[PDB]
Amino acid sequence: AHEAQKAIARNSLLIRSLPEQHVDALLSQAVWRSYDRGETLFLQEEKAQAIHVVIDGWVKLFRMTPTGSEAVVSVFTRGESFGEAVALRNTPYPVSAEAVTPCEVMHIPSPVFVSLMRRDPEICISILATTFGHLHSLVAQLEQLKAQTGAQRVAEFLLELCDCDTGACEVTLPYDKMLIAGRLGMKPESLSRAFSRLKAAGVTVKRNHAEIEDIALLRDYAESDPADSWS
(Lines of atoms letter the chains of each structure in order from A and count residues from 1; the text may use other names and numbers.)
(Lines give C-alpha, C1' and ligand atoms only; values in the text may rest on other atoms or scores of the structure.)
Protein backbone atom coordinates (compact mmCIF):
# COMPACT_ATOMS: atom_id res chain seq x y z
CA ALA A 1 0.00 0.00 0.00
CA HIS A 2 1.23 3.62 -0.66
CA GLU A 3 4.19 1.86 -2.36
CA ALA A 4 5.70 4.73 -4.43
CA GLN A 5 5.58 7.07 -1.39
CA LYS A 6 7.12 4.46 0.88
CA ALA A 7 9.99 3.99 -1.68
CA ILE A 8 10.67 7.74 -1.38
CA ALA A 9 10.62 7.46 2.45
CA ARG A 10 13.24 4.65 2.31
CA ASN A 11 15.84 7.21 1.19
CA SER A 12 15.51 9.11 4.49
CA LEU A 13 18.03 9.03 7.32
CA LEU A 14 15.38 7.59 9.69
CA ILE A 15 14.39 4.71 7.47
CA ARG A 16 17.88 3.94 6.11
CA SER A 17 19.03 3.54 9.72
CA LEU A 18 16.50 0.82 10.55
CA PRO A 19 17.12 -2.90 10.27
CA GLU A 20 15.53 -3.95 6.97
CA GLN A 21 13.20 -6.58 8.50
CA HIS A 22 11.47 -3.97 10.64
CA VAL A 23 10.90 -1.28 8.03
CA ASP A 24 7.61 -2.54 6.48
CA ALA A 25 5.78 -2.96 9.80
CA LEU A 26 6.77 0.58 10.85
CA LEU A 27 5.89 2.22 7.49
CA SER A 28 2.47 0.53 7.76
CA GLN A 29 1.83 2.61 10.90
CA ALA A 30 2.59 5.92 9.21
CA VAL A 31 0.11 8.83 9.15
CA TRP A 32 0.04 10.47 5.71
CA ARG A 33 -0.65 14.21 5.45
CA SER A 34 -0.75 16.92 2.79
CA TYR A 35 0.01 20.57 3.46
CA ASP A 36 -0.77 23.66 1.38
CA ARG A 37 1.92 26.26 0.81
CA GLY A 38 2.27 28.25 4.02
CA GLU A 39 0.54 25.61 6.18
CA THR A 40 1.94 24.83 9.63
CA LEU A 41 3.19 21.25 10.33
CA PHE A 42 4.04 22.12 13.89
CA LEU A 43 4.93 24.99 16.13
CA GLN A 44 7.74 25.69 18.55
CA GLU A 45 7.00 24.39 22.09
CA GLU A 46 4.46 21.78 20.93
CA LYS A 47 5.01 18.08 21.88
CA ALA A 48 7.12 16.08 19.44
CA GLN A 49 4.65 13.29 18.75
CA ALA A 50 6.01 12.08 15.41
CA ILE A 51 9.11 11.93 13.30
CA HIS A 52 8.73 13.50 9.87
CA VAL A 53 9.68 12.44 6.39
CA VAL A 54 9.07 14.69 3.35
CA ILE A 55 7.60 12.70 0.43
CA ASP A 56 7.21 15.72 -1.88
CA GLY A 57 7.75 19.50 -1.71
CA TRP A 58 9.83 21.71 0.60
CA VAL A 59 9.45 22.25 4.36
CA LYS A 60 11.24 25.00 6.28
CA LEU A 61 12.17 24.93 9.96
CA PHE A 62 12.54 28.31 11.70
CA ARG A 63 12.75 29.87 15.16
CA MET A 64 11.35 33.14 16.39
CA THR A 65 13.98 35.72 17.43
CA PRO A 66 13.00 37.76 20.51
CA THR A 67 12.79 40.78 18.19
CA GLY A 68 10.04 38.65 16.55
CA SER A 69 11.71 37.76 13.24
CA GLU A 70 11.60 34.30 11.66
CA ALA A 71 15.15 32.92 11.51
CA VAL A 72 15.21 29.94 9.02
CA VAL A 73 17.21 27.06 10.50
CA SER A 74 16.81 24.45 7.71
CA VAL A 75 14.91 23.36 4.66
CA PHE A 76 14.05 19.74 3.83
CA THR A 77 12.68 18.11 0.72
CA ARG A 78 11.62 14.71 -0.70
CA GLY A 79 13.29 11.68 0.80
CA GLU A 80 14.52 13.53 3.89
CA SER A 81 13.60 12.94 7.52
CA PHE A 82 13.76 15.30 10.45
CA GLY A 83 12.71 15.55 14.11
CA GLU A 84 14.29 12.23 15.14
CA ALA A 85 16.24 13.56 18.13
CA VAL A 86 13.45 15.62 19.64
CA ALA A 87 10.90 12.86 19.18
CA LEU A 88 13.14 10.33 20.97
CA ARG A 89 13.92 12.82 23.78
CA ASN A 90 10.31 13.81 23.99
CA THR A 91 11.26 17.46 24.53
CA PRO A 92 9.28 20.43 23.16
CA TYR A 93 9.91 21.50 19.54
CA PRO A 94 12.72 24.11 19.45
CA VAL A 95 11.51 25.29 16.02
CA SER A 96 8.35 25.60 13.94
CA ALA A 97 7.87 23.87 10.58
CA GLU A 98 5.89 25.22 7.65
CA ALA A 99 5.29 24.05 4.10
CA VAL A 100 7.19 26.26 1.59
CA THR A 101 5.56 24.57 -1.41
CA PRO A 102 2.59 22.26 -1.39
CA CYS A 103 3.91 19.18 0.53
CA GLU A 104 3.22 15.54 1.22
CA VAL A 105 4.67 14.22 4.47
CA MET A 106 4.80 10.83 6.13
CA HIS A 107 4.60 11.06 9.90
CA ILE A 108 5.73 8.12 12.07
CA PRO A 109 4.17 8.39 15.52
CA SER A 110 6.89 8.49 18.17
CA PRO A 111 5.38 5.77 20.37
CA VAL A 112 5.38 3.37 17.40
CA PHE A 113 9.14 3.71 17.05
CA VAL A 114 9.95 3.98 20.76
CA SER A 115 7.82 1.04 21.84
CA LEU A 116 9.57 -1.24 19.27
CA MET A 117 12.90 -0.42 20.95
CA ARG A 118 11.55 -0.82 24.51
CA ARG A 119 10.15 -4.22 23.62
CA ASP A 120 13.34 -5.36 21.87
CA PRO A 121 16.55 -3.45 22.66
CA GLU A 122 18.36 -5.44 19.96
CA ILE A 123 16.54 -3.13 17.56
CA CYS A 124 18.03 0.04 19.08
CA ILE A 125 21.43 -1.69 19.22
CA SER A 126 21.29 -2.37 15.41
CA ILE A 127 20.12 1.11 14.65
CA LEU A 128 22.90 2.60 16.76
CA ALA A 129 25.52 0.38 15.13
CA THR A 130 24.36 1.80 11.78
CA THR A 131 24.32 5.42 12.90
CA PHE A 132 27.82 5.10 14.39
CA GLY A 133 29.20 3.74 11.13
CA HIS A 134 27.47 6.57 9.31
CA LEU A 135 28.86 9.22 11.72
CA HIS A 136 32.34 7.90 11.15
CA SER A 137 31.88 8.02 7.44
CA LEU A 138 30.69 11.65 7.51
CA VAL A 139 33.55 12.72 9.87
CA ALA A 140 36.08 11.05 7.53
CA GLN A 141 34.52 12.87 4.56
CA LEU A 142 34.70 16.26 6.34
CA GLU A 143 38.39 15.61 6.84
CA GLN A 144 39.06 15.23 3.12
CA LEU A 145 40.10 18.17 0.89
CA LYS A 146 37.20 19.74 -1.02
CA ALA A 147 38.06 21.19 -4.45
CA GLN A 148 34.62 21.66 -6.07
CA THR A 149 33.70 25.22 -7.14
CA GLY A 150 30.43 26.92 -6.21
CA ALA A 151 28.85 25.97 -9.53
CA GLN A 152 30.02 22.38 -9.04
CA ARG A 153 28.49 22.22 -5.57
CA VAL A 154 25.11 23.33 -6.95
CA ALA A 155 25.38 20.76 -9.77
CA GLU A 156 25.97 18.16 -7.07
CA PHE A 157 22.97 19.35 -5.09
CA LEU A 158 20.76 19.15 -8.18
CA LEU A 159 22.10 15.66 -9.01
CA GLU A 160 21.26 14.40 -5.55
CA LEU A 161 17.66 15.77 -5.96
CA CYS A 162 17.14 13.76 -9.20
CA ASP A 163 16.07 10.09 -8.95
CA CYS A 164 17.81 8.72 -12.03
CA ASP A 165 21.41 8.61 -13.21
CA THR A 166 20.71 9.43 -16.89
CA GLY A 167 18.19 11.25 -19.08
CA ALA A 168 16.42 14.58 -18.61
CA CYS A 169 15.27 15.61 -15.14
CA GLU A 170 13.08 18.19 -13.46
CA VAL A 171 13.28 19.18 -9.78
CA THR A 172 10.80 21.49 -8.02
CA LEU A 173 12.41 24.33 -5.98
CA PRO A 174 11.19 26.98 -3.60
CA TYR A 175 10.27 30.23 -5.24
CA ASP A 176 12.58 31.95 -2.76
CA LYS A 177 16.03 30.75 -3.88
CA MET A 178 17.60 32.23 -0.72
CA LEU A 179 16.42 29.11 1.10
CA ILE A 180 18.66 27.00 -1.18
CA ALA A 181 21.50 29.48 -0.73
CA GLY A 182 21.14 29.11 3.03
CA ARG A 183 21.24 25.36 2.76
CA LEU A 184 24.40 25.39 0.66
CA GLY A 185 26.06 28.04 2.83
CA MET A 186 26.26 30.42 -0.18
CA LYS A 187 25.58 34.14 -0.60
CA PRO A 188 22.41 34.74 -2.75
CA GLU A 189 24.44 36.26 -5.54
CA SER A 190 26.90 33.34 -5.48
CA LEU A 191 24.00 30.92 -5.98
CA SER A 192 22.89 33.06 -8.94
CA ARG A 193 26.32 32.97 -10.57
CA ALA A 194 26.36 29.20 -10.07
CA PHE A 195 23.03 28.85 -11.86
CA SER A 196 24.30 31.10 -14.64
CA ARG A 197 27.39 28.95 -15.19
CA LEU A 198 25.26 25.76 -15.15
CA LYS A 199 23.34 26.97 -18.20
CA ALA A 200 26.41 25.68 -20.08
CA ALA A 201 25.88 22.21 -18.38
CA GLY A 202 22.20 21.95 -19.47
CA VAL A 203 20.46 23.51 -16.42
CA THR A 204 17.66 26.11 -16.62
CA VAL A 205 16.30 27.44 -13.33
CA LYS A 206 12.72 28.77 -13.35
CA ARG A 207 10.41 30.18 -10.64
CA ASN A 208 9.32 26.91 -9.09
CA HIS A 209 11.60 24.34 -10.73
CA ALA A 210 14.94 23.55 -12.36
CA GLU A 211 15.31 21.67 -15.63
CA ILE A 212 18.33 19.40 -16.22
CA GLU A 213 18.45 18.30 -19.87
CA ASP A 214 21.15 15.61 -19.32
CA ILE A 215 22.09 14.10 -15.96
CA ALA A 216 25.28 12.65 -17.43
CA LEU A 217 26.33 16.04 -18.81
CA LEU A 218 25.67 17.63 -15.39
CA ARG A 219 27.63 14.91 -13.55
CA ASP A 220 30.51 15.56 -15.95
CA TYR A 221 30.48 19.22 -14.97
CA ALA A 222 30.42 18.25 -11.28
CA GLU A 223 33.25 15.68 -11.56
CA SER A 224 35.47 17.66 -13.97
CA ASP A 225 38.78 18.99 -12.58
CA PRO A 226 37.81 22.25 -10.77
CA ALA A 227 41.04 23.85 -12.14
CA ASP A 228 39.86 23.21 -15.76
CA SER A 229 37.39 25.23 -17.83
CA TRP A 230 34.74 22.72 -18.82
CA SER A 231 33.59 21.22 -22.17
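Start at 1 with the first residue shown and count on from there.
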Quick one: say whether 124-132 or 144-152 has the higher mean Cα B-factor in the deposited entry.
144-152
Which is higher on mean Cα B factor in this entry, 170-178 or 30-38?
170-178
Which has the highest CA B-factor per the PDB entry: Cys162, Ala50, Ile55, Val59?
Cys162
Sort the modelled residues of this chain by their C-alpha B factor and say whether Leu18 lands in the lowest, middle or highest third.
middle
Would you please rank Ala71 by its C-alpha temperature factor against the other modelled residues of its chain and give the third it falls in: lowest, middle or highest?
highest
